[PDB]
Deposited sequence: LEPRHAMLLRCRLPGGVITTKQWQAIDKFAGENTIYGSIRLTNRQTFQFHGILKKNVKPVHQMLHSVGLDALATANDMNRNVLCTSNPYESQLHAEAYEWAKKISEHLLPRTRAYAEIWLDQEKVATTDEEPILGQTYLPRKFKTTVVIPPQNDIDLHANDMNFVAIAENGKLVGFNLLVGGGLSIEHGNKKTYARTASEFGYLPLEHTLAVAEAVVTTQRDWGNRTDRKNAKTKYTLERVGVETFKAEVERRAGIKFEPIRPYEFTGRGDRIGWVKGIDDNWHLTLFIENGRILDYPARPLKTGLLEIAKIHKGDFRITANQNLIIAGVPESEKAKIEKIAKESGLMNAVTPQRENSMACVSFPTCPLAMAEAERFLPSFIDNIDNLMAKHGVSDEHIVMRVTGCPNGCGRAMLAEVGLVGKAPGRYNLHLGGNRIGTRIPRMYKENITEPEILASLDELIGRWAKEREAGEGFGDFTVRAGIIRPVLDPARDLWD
C-alpha cells in the first residue's frame, strides 16, 4: 500500500492514524518512507477507509507522487512551491508508462529531478515565485545488457510564467500519451519518446497544445541533494528538525524505539511532518519554545543518533524480502556496507567527506543508483554492477565500471579509488567528478547513445 502525498507533507493526526495501522494490521509493523516523499506499509493482512478517514488516499493510474523540495534555504518559498505541487497533483489525477513529476526549488536537487518525466524548477523574485523552467524526459530504468534501454537526464524546454503551469503540465502529459510507443512497454516512457521525435518537435507540440511560447530558461544552479540533518531556522520563530532515518524504515528496535518516538513527537508537535526524497523525516514548524521538548524525545528514541556524512548521503531501495523483482539485497545490505565504507573513509582521512552512494536491487533503479557518484545495481544474489562518475548534484549518469561483482570485490575497488581521490583531488572536488577528471571512467555525455560500452 502506497499513499498519494504531494510534497511529502503529512499532518500529525494523519501520522498517528498510519502509525496505528502499521503496527496492528501489517506483517512487518513498519512505516517505510519512500524516496518519492510518501510512505508504504508492508504485508497487509481496509486501509482505504483509514486513509480516507484522515483525508488520505492510496494511488490504472499511471501517475506517481508529485515531489517538492522539502526544506528550502529560503524557507518562505516552500508554501508556494508546495501549493503548486498539490495543484499539479490534483490536476493530473484521473498513459503508456507511469509519469513522474516534481517541483524543485534551487539550489537544492533533493528531489533528484533527472529521474523524472516532468520537472518544474521554481524561479523566484523578491521571495515570490514568478514562474518555472520546465525540464522533461528523465528516467532511470534499464534492463541488464539491453542496449535499447537507458537512463536519461531531463532536457530543458524553457521558462513559463506561473499562470501557464497547469496548461503546460497537461500538454506534456497528452503529448507523451499520444506519442508514446504503442507496442513495447519498455520504450513507452517519455525519455524514449523524446529521443525518437526530438526535443524541439516535442517542445513545439507542447507549445501548440498549451497555447503559449516558452521564454528562454531563467538561470538556476544546484549545490546539492542532501537533507539538512538537524535544526534549521525557518520563518518567524519556527525551526525544522530533520531526522536521519536509515532506509526510511520506521520500526521500534531494541533500545531505539524509532516508531514510538515519532508517535510521541506527533502527539505534542505543533505543525506537521515532511517526508523527504532521501527517505528521512522533517518535524516542521517547531516553535523555538518547543525545540527542547521535541529534541528530548527524538534524542532518547535514538532518532538523533549521530551518523557520518557518508551514511547521510547514501540510499538503497526496498528490495528483499518484499520486492518480487529483487535480484540482490539493497535496504538490508546498505547498513553494513556503509559500515565498511565508513572505515574506508577513515582509513583515507576523509571521514568528514561524503560520496553520493546508492544501491538499487535490480536495474529498475528505484534506489536511484543511476544518478549517484557511485551506484550499485543488483544483478544476482550478492552481485552488483558498479557504476562510477555521477556528480554530487545528480546531473550526470554514471557509466558501468565493473560488472557482476561481489561486496569484497566492490570494497577493494573503492579502497583504491577513495585512496586516490583523497590524495589527488583538487579543493572541494567531488569523488564522481574526480573519477572522470582522473580518467578512471569515461563520462556519459549523451545517455541514449553513449551509456553502454
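Comparing the deposited sequence with the modelled residues, the stretches lacking C-alpha coordinates are 1-8, 54-58, 73-75, 111-138.
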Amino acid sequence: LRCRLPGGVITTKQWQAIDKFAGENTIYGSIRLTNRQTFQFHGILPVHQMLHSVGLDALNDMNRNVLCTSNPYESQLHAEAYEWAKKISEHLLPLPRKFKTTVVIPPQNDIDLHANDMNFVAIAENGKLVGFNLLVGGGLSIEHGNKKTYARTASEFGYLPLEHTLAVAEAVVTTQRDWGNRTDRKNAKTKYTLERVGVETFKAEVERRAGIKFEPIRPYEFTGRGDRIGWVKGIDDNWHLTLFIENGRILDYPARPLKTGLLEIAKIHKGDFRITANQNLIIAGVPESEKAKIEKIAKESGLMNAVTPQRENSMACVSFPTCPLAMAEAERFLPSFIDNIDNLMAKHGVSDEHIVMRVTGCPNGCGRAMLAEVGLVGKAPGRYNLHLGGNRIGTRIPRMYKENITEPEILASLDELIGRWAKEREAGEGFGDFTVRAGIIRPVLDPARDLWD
From here on, numbers count along this sequence of modelled residues.
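The stretch 293-301 shows the higher mean C-alpha B-factor when 293-301 is compared against 347-355 in the entry. For the two regions 98-106 and 73-81, the entry's Cα B-factors average higher over 73-81.
You'll see in the entry that, of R368, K379, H91, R249, the Cα B factor peaks at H91. Ranking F244, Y253, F337, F157 by the C-alpha B-factor listed in the PDB entry places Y253 at the top. The entry lists a Cα temperature factor for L33 that places it in the lowest third of the chain's modelled residues. Placement of the Cα temperature factor of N60 within the chain: highest third of the modelled residues, per the deposited record. In the PDB entry, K259 places in the middle third of its chain by CA B-factor.
In this PDB entry, the Cα temperature factor of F320 sits in the bottom third of its chain's modelled residues, the lowest group. Ranked within its chain, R399 lands in the lowest third, by CA B factor from the PDB record.
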